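Reckoned from all heavy atoms, side chains included, excluding hydrogens, waters and symmetry mates. The sequence lines fix the lettering, A, B, ..., with proteins before strands; numbering per chain opens at 1.
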Amino acid sequence: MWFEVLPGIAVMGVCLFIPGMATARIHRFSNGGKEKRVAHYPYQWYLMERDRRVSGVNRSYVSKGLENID
Amino acid sequence: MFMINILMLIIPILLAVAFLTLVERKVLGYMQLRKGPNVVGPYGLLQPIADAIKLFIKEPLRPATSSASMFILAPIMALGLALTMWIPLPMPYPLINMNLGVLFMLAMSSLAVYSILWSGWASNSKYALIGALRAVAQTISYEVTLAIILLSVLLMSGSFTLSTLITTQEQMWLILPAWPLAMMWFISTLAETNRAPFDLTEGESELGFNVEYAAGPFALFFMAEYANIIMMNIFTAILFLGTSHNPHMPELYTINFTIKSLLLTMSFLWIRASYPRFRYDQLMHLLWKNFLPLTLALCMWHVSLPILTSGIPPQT
Amino acid sequence: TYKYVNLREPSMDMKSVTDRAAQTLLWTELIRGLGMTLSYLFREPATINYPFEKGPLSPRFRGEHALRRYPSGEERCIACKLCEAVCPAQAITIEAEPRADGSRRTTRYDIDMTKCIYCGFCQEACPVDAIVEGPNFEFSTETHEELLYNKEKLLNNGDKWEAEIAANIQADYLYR
Amino acid sequence: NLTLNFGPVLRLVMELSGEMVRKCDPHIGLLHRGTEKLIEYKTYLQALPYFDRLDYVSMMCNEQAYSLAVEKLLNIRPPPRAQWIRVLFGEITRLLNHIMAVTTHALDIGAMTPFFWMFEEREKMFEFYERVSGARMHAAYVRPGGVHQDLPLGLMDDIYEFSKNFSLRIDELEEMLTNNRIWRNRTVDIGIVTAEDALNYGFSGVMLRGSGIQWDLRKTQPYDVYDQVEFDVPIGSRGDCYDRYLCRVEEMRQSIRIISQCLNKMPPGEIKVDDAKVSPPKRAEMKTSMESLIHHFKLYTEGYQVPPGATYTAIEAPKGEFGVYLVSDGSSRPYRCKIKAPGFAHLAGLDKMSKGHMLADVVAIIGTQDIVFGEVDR
Amino acid sequence: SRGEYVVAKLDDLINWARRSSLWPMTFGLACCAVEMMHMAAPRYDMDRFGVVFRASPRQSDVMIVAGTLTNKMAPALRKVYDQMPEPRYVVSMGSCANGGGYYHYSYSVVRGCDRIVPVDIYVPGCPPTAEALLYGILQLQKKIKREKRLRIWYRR
Amino acid sequence: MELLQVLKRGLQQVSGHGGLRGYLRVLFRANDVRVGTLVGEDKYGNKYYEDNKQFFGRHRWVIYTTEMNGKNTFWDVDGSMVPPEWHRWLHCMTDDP
Amino acid sequence: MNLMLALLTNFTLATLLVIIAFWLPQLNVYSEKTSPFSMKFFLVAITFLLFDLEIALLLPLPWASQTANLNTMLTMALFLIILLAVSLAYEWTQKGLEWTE
Ligand SMILES: CCCCCCCCCCCCCCCCCC(=O)OC[C@H](COP(=O)([O-])OCC[N+](C)(C)C)OC(=O)CCCCCCCCCCCCCCCCC
Ligand code: SF4
Ligand code: SF4
Ligand code: SF4
C-alpha cells in the first residue's frame with residue numbers, strides 16, 4: 001500500500017535532519033553553551049576581538065560581567 | 001570540531017541521495033498502480049546499497065577520449081561543486097555564515113555547466129557533443145530567470161545573507177506576497193537540473209551527454225545531480241516557505257524545515273510522473289518569450305513597490 | 001454515421017476569454033493532471049507477489065507438450081503421425097516399428113521446443129489424446145540442448161503432470 | 001548537411017540542417033523473415049498461425065482477414081454465432097491495439113504513467129484470449145469456417161464486468177493528455193496530411209479519417225455482422241497528430257458500444273460451418289463415426305482443397321486496411337499469399353510528413369502512424 | 001580467521017549486489033517484446049525485484065533478446081553485446097531467439113541467437129508468458145548466486 | 001476511529017503468525033505479512049492460504065517449505081516446487097483444492 | 001580557514017571516489033575487449049552573455065534602495081530594466097529567438 005513508501009522517506013528524512021542538528025549542537029559545545037557569534041560587518045568583529053582581550057582566557061565567548069569591575 | 005562538522009554534513013547528504021533513489025522508484029510505482037522495490041530488504045530498504053556496490057565493481061569503459069583528462073575532470077567538478085553548495089545553508093545555523101551567501105550559490109551553480117561541456121569534449125563523439133551543446137544552452141538560459149527572480153525577492157529582504165531570509169518571514173511566508181515569482185522559480189529549478197518535463201538529455205529519442213560513462217564514474221554524475229535536486233528544494237523552502245526559528249529549541253526548526261524540504265523534493269517526483277516532455281525549441285520559447293517578459297516586469301514592480309509603501313527593509 | 005472530434009468554435013465573450021487567460025497564467029489544467037496521479041498514489045496497486053502468488057489461468061492453457069498413458073499404463077500414442085503432419089513448425093519427428101508384442105508403437109518421438117510455436121494443433125489432430133500441452137509454463141533451461149525433448153523426456157512429463165492434465169481435459173473435452 | 005544513421009527494429013538515415021529534418025530515409029528489413037515464402041509450403045490451416053505474428057498487437061483481426069479470404073475461395077459461410085464471436089473479439093482486439101498505439105505513442109515523448117494504467121487493462125483482456133484459445137496473444141482462434149471452440153460458460157459475464165468500467169479508464173487517460181498544453185504542443189499541426197495526398201500515398205484508416213475523408217470499411221464494405229451493429233466513425237478536421245489521437249481515443253469508445261451489442265445479441269447455434277470437408281468434426285463423433293474419422297484424418301494431414309482462383313480481401317484492422325491477395329491453384333497449399341500491411345504505405349510517407357519539422361517531431365509522426373514492424377517487413 | 005572464510009563471504013556480498021540490481025537492456029525485435037512489456041506492467045512489476053524497466057547498453061548487466069533475429073540484424077546485436085561492460089549475461093526469450101521457431105527454415109533468419117552471442121538462460125514459449133519470463137529472470141538470479149569468482153581466484 | 005482499526009489489524013498480523021519471530025520469518029521469505037485461512041499442506045511442507053476479501057490474483061498464495069528433496073529452500077524458493085495437484089488450485093483453474 | 005577546509009574536503013573526497021572508481025573494478029581482470037557549426041546555438045550563448053552582463057549591473061539594487069536619493073535611484077533602476085526589455089524585443093521581432101531554418 002501507499003504507506004509502505006514511508007520507511008524510505010523516514011531514512012531520507014533523518015539524513016537531512018542530522019546536518020542541521022549537528023551544527024547547532026557543535027556550535028554550542030564550542031562556544032560555551034551559547035550561539036556562535038555572527039560578525040558580518042567590521043564593527044561586530046571589533047567587539048568580538050575586544051571580548052577576547054577582556055576574557056583573560058583568549059576566548060571570545062567567556063563573558064565578564066560586573067564582577068570584573070571595581 | 002569543525003572537521004567533524006564537515007563530515008556531519010557530507011555523509012548524511014550522500015545517504016539522503018542514496019535513499020532518494022528508492023523513494024523515487026516507489027512513489028513513481030504507486031502513481032503507476034504498482035509497488036516498486038520491496039524485495040531487497042524490508043520495503044526495499046537495502047535496494048540503494050545493492051545498486052552502489054554493483055556499480056563500483058563493474059568494469060568501466062573509458063573509450064578513446066580525445067583528452068582522457070577532461071573525462072576525469074568532469075565528474076570531480078560536478079560532485080565537488082554539488083557538495084559545496086550546501087555549506088552556507090542555514091538549517092538553521094550555517095556551516096559557513098557568509099554575508100553574501102545567496103550570491104555564493106548563484107556563483108557556484110553557474111560553474112556546474114563546465115562538467116556538462118567537458119564531458120561532451122571527452123567523449124570524442126561528434127553526436128555526443130551536440131547533446132552537450134543543447135544541455136548547456138538550456139542551463140544558461142534558465143539561470144537568467146534564477147538571478148532576476150532572486151533579486152526581486154531580496155528587495156523584500158534587504159540583503160544577500162541567507163539567514164536574513166528567516167527573519168524576513170517571521171510574520172508570514174514570502175509565498176503570499178510573491179507567489180507569481182515562486183511559480184517561475186520552481187519551474188526554473190526543474191530546467192536547471194534537467195528534470196522532467198525538461199529532461200532532453202535523459203530524454204531518449206532526441207539524444208544524453210553522459211552516455212559514455214558506466215560504473216563508478218556514472219554514479220558520480222548521478223550523485224551530484226540528485227544532491228542538486230535536494231539542495232534546490234531546500235533553497236526554495238528557505239526562500240518562499242520560511243520556518244520560524246526559536247534560539248532555545250533549534251531542533252524544532254530543523255524538523256519543520258526538513259518536512260518542507262522533503263515535500264518539495266517529492267513534488268519533483270510527482271511532476272515527473274504526470275506530464276510529457278518538452279521539445280527543445282519549446283522550452284527555449286518558454287524562457288525567452290514567457291518567463292523573461294514577466295520576470296523583467298515583476299522586477300520593475302518589486303523595485304518600486306517597497307518605495308511606494310514605505311517598506312524598504314533594513315540593510316543589516 | 002460519423003461524428004466530428006475537433007470541430008468546436010471557442011466563444012469570444014469576455015468571461016470565456018478571461019477563463020482561458022486564467023488557465024494560461026495559473027496553469028489550471030496542468031494542476032488538474034497532478035490530481036489524477038495523486039489519486040493513483042492512494043489506490044491499491046495491482047501487483048501480485050510472485051512466486052508466492054500466480055496469475056490466473058484456465059483449463060485450455062497451452063504449455064509443455066507431454067505424452068499420456070491409458071489407465072492401464074499402456075501408452076496412448078499409436079504412431080499415426082497426424083501430429084507430425086499438422087505441426088506448422090515441423091517440430092515433431094517420429095519413427096515407429098512393430099513392438100515385441102506386435103503393437104504399433106513409436107521408437108522415436110522428439111519435439112524441438114525451440115522450433116515449436118506452442119499452437120495446440122498437435123493435440124487437436126491426435127485421435128487418442130496422447131500428445132497434449134500441459135499447464136506447466138516454468139521450464140526454462142540453462143542450455144539449448146535441454147530443450148530438445150525425446151520420447152523419454154515426454155513420457156516423464158506425462159507421468160509427472162497426469163494428475164493435473166486429466167482434470168483439465170475433464171473440464172474442457174465437452175467444448176472439443 | 002549533417003547525416004545521422006540512428007539505427008538500432010528501425011534504422012533511420014536522416015540529414016539534418018541544424019534542427020530541421022531535410023530528408024528522412026527509413027531502412028527496413030531488420031524483421032523480414034520470409035513469411036510470404038513460408039506460407040507456400042504450408043496447408044491453409046498450417047499458415048493460419050503466421051497471421052497472428054504479422055501485426056502482433058491485433059492478433060485476432062489478422063486471422064479474420066485470412067479467414068474471410070479463404071471462406072471466399074471455398075464458397076462457404078461461417079455460422080451466425082461464429083460471426084458474432086468474430087465481431088466481439090474483433091472489437092476487443094481493437095481495444096488492445098489502440099491502448100498500445102496511444103500509450104506507447106505517449107511514452108516515447110515523455111508521458112510514462114498512462115502506459116502502466118492501461119496495460120493492467122490489456123492484461124485482463126489477455127485473459128479473455130486465454131480463456132477461449134488457451135494462449136494470451138497468438139490464439140489462432142479464428143479459422144476458415146468460424147472459430148475453433150465455443151465460448152466457455154461465464155466468459156460473457158466477465159466481458160460485461162470489464163466493459164462496464166473501461167469507459168472510466170479512457171476518461172482518466174484523457175485527463176492526462178487531451179487538454180494538457182504540453183501534449184497539445186507536441187501533436188498539434190505536426191505531420192499535416194492533405195486529403196488528396198493521403199489517398200495517392202496509399203493511406204488508410206485514421207490516416208484518412210484524420211484528414212476529413214469519410215471512409216471506414218466496416219460501414220462501406222461490411223463483413224461478418226458489422227451491418228447489424230450501431231457505431232459512429234470519428235472524423236478529423238486538421239489532419240494532424242492531435243486529430244488522429246482524438247480519433248483513436250474516440251474509436252475506443254465506439255468499440256465499447258459495439259461490444260455492448262454483441263453481448264446482448266449473441267445467438268445460439270454452432271461455432272463452425274457444418275460442412276466436415278472444411279471444418280473438422282467433433283471429437284465425440286470422430287471416435288464413433290467412420291466418415292468423421294476419415295474427414296478428421298484427411299483435414300489434419302492433407303488439408304482441404306481450395307478451388308483455383310485469386311482474391312483480394314480486406315478488413316478495417318485497428319491500424320488501417322489489412323488484406324491479403326490469396327492465390328489458389330486447386331490444391332491444399334496456397335500458391336501465392338501477398339500481405340497488404342497498412343503500415344507499409346504509412347511508413348513510406350514518413351519522408352513527406354516530416355518536411356519542415358524538427359528531429360523530435362519525427363518521433364511523434366512515427367507514433368501517430370502506429371507502426372509495427374512485424375507487418376511492415378513480414 | 002581463515003582466508004577461505006573471508007573469500008566465501010566476500011563472494012556472497014558481490015553476488016548479492018549483482019543479482020539484486022540486474023539492469024536489463026531489452027532488444028525488442030518482435031511479438032516477444034510485448035510480453036516483456038507486461039512484465040514491467042503493474043501485474044508483475046519487474047522493478048520491485050530491482051530489475052529496472054529500461055537501461056542503456058553501457059549501464060546494463062543483462063541483454064534480453066526478445067524476437068526474431070534476422071540476418072540483417074545480427075551484426076547490430078553482436079556490436080551491442082561487445083560494448084556491454086562486464087559482467088554481462090544474455091537471456092534468450094522465445095522460440096525465435098532460442099532456435100528460430102516458426103521461421104527456422106527461412107533464408108533471412110539466424111537459427112538461434114546463441115550462434116551469434118553466448119546465452120545464459122533460454123525461456124521457451126511463443127511467446128513465453130510474462131510470468132514465464134519472470135521465472136527465467138529469477139532463475140538467472142540464482143545462477144549468479146552460485147558464482148564463485150573469488151573462491152576460484154584464491155585457489156590459483 | 002477507522003485510523004485506530006487500521007493499527008489494530010497491523011498488530012493482529014504479528015499475533016496471527018506466532019509472535020515477532022514468525023512475523024519476521026514471513027517478512028523476509030515472502031515479503032508479505034498477510035494472514036489468511038489455511039487451506040491445506042502438501043507432503044513436501046508447502047502451506048496454502050486463501051483470503052477472499054483480497055482482489056482476484058492475491059486471494060491465494062503458497063508459503064514454500066524450507067526443505068524439499070534434500071535441498072535447502074529457506075532462501076532459494078522456486079515456482080516449480082508446487083506439485084501438480086496444487087498447481088491447478090493455485091492458478092485458479094478450479095475452485096476445489 | 002574554515003571556508004578553505006570545506007572546499008578542500010569536498011573536492012578531495014570527489015577525487016578519491018573517482019580514482020578508486022577507475023581502479024576498484026581494475027582489481028578485477030576482465031579479458032581485454034579489443035577494438036558542423038550551428039549559428040543558432042552560438043546566438044543563444046551570445047544573447048545570454050549580454051543579458052548576463054546587464055544582470056551584473058542590477059545585483060547591487062538592494063543596497064541602492066538605502067540611499068537618500070530614491071527619486072534618482074528609482075529612475076535609473078527602471079531605466080536599466082526597461083533597456084534590458086528593449087533588447088529582448090529587438091531580438092524577438094528580428095527573428096533572433098527562432099529555431100526554424
Ligand atoms: C496590484 C499589482 C499586482 C502585480 C502582480 C499581478 C500578477 C498577476 C498574475 C500574473 C500572472 C502570474 C504569473 C504566473 C506564471 C506564468 C508563467 C507563464 O509563462 O505561463 C505561460 C506558460 C506557457 O504558456 P503557453 O505555452 O500556454 O502559451 C504561451 C503564449 N502563446 C500561446 C503565444 C505561445 O505556462 C508555463 O509555464 C508552462 C508550465 C510548464 C509545466 C509546469 C508544471 C507545473 C507543475 C505545477 C507547479 C505548481 C507551482 C509550484 C510552486 C511551488 C512554489 C513553492
Ligand atoms: S504446439 Fe504446435 S508447433 Fe508446438 S509441437 Fe504442438 S503442433 Fe507443433
Ligand atoms: S497424433 Fe497422437 S497418436 Fe498420432 S503420432 Fe501424434 S501423439 Fe501419436
Ligand atoms: S517466439 Fe513467437 S511471440 Fe516471440 S517473436 Fe517469435 S513468433 Fe513472435
Side-chain angles (χ1 to χ4, degrees), chain A, chain B residues 1-2 4-5 7-27 29-30 35-38 41-45 47-48 86 89-95 97-100 159 161 163-164 230 234 247 250-251 253-255 257-259 261-262 265-266 316:
Chain A
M1 302 299 301
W2 61 273
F3 47 63
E4 289 169 12
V5 180
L6 296 176
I9 287 165
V11 177
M12 182 181 172
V14 164
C15 291
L16 296 181
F17 173 83
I18 291 162
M21 181 279 299
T23 305
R25 299 270 74 92
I26 291 173
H27 285 186
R28 277 167 174 72
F29 173 82
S30 292
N31 287 274
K34 303 180 286 292
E35 291 184 348
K36 185 180 180 181
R37 189 79 69 83
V38 185
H40 290 145
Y41 303 110
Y43 167 73
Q44 295 168 341
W45 174 250
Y46 179 86
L47 289 178
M48 192 199 299
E49 287 286 301
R50 181 182 179 281
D51 282 3
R52 188 167 63 105
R53 293 184 297 262
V54 176
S55 59
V57 301
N58 193 261
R59 288 174 165 86
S60 309
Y61 47 93
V62 182
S63 308
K64 296 300 184 68
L66 295 172
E67 74 292 350
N68 198 266
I69 223 172
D70 299 333
Chain B
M1 286 290 306
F2 182 82
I4 291 292
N5 214 143
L7 295 176
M8 296 261 59
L9 174 70
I10 291 178
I11 277 62
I13 285 166
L14 300 186
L15 299 181
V17 165
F19 283 89
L20 173 56
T21 60
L22 168 62
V23 168
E24 174 166 12
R25 288 170 81 176
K26 289 191 71 57
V27 174
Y30 279 91
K35 290 195 170 185
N38 73 338
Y43 318 99
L45 281 178
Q47 188 68 67
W86 284 67
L89 288 175
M91 305 180 288
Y93 299 115
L95 181 65
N97 199 325
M98 305 186 187
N99 187 32
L100 305 182
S159 62
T161 314
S163 57
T164 286
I230 299 164
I234 288 172
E251 275 69 38
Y253 176 106
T254 312
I255 298 177
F257 152 87
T258 300
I259 290 163
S261 295
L262 288 179
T265 308
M266 288 199 297
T316 59

Between B:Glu251, B:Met8, B:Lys35, B:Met266, which has the largest tally of heavy atom pairs under 4.5 Å with chain A?
B:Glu251
Within the structure provided, determine whether B:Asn5 and A:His27 are in side-chain contact (heavy-atom separation under 4.5 Å).
yes
Given that the side chain runs from C-beta out, which part of B:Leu89 has a heavy atom under 4.5 Å from chain A: side chain, backbone, both or neither?
neither
Let me know if B:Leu262 has heavy atoms under 4.5 Å from chain A in its side chain, its backbone, both or neither.
side chain
At a heavy-atom distance under 4.5 Å, which candidate from B:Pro250, B:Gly29, B:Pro42, B:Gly36 has the highest pair count against chain A?
B:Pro250
Check: B:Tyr253 side chain, B:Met91 main-chain N or O, donor-acceptor pair, under 3.5 Å:
no
Rounded to the nearest 0.5 Å, the OG1 atom of B:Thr161 sits from the NE2 atom of A:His40 at a distance of 5.0 Å
Does any heavy atom of chain B fall under 4.5 Å from the side chain of A:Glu35, the backbone, both, or neither of them?
side chain
Taking the side chain as every heavy atom from C-beta outward, state whether B:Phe2 and B:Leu95 have any atom pair closer than 4.5 Å.
yes
Chain B contact via A:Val5 - side chain, backbone, both or neither, heavy atoms under 4.5 Å
both
Sub-4.5 Å side-chain heavy-atom contact between A:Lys36 and B:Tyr93
no
In terms of heavy-atom proximity below 4.5 Å to chain A, should B:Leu45 be classed as side chain, backbone, both, or neither?
side chain
Tell me, side chain or backbone of B:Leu22 under 4.5 Å from chain A's heavy atoms, or both, or neither?
side chain
Less than 4.5 Å apart, side chain to side chain, heavy atoms only: is that true for B:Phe257 and B:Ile234?
yes
If I measure from the heavy atoms of chain A, does B:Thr316 come under 4.5 Å with its side chain, its backbone, both, or neither?
both
Heaviest contributor of heavy-atom pairs below 4.5 Å to chain B, chosen from A:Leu6, A:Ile18, A:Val11, is A:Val11
A:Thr23, part contacting chain B, at a heavy-atom distance under 4.5 Å:
both
Per-residue contact mode, B:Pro94 against chain A (heavy atom under 4.5 angstrom):
backbone
So, applying salt bridge (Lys or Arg N to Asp or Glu O under 4.0 Å) with A:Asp51, which one of A:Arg59, A:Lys64, A:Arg37 is it?
A:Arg37
Side-chain heavy-atom pair A:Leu16, B:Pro12 within 4.5 angstrom cut-off:
no
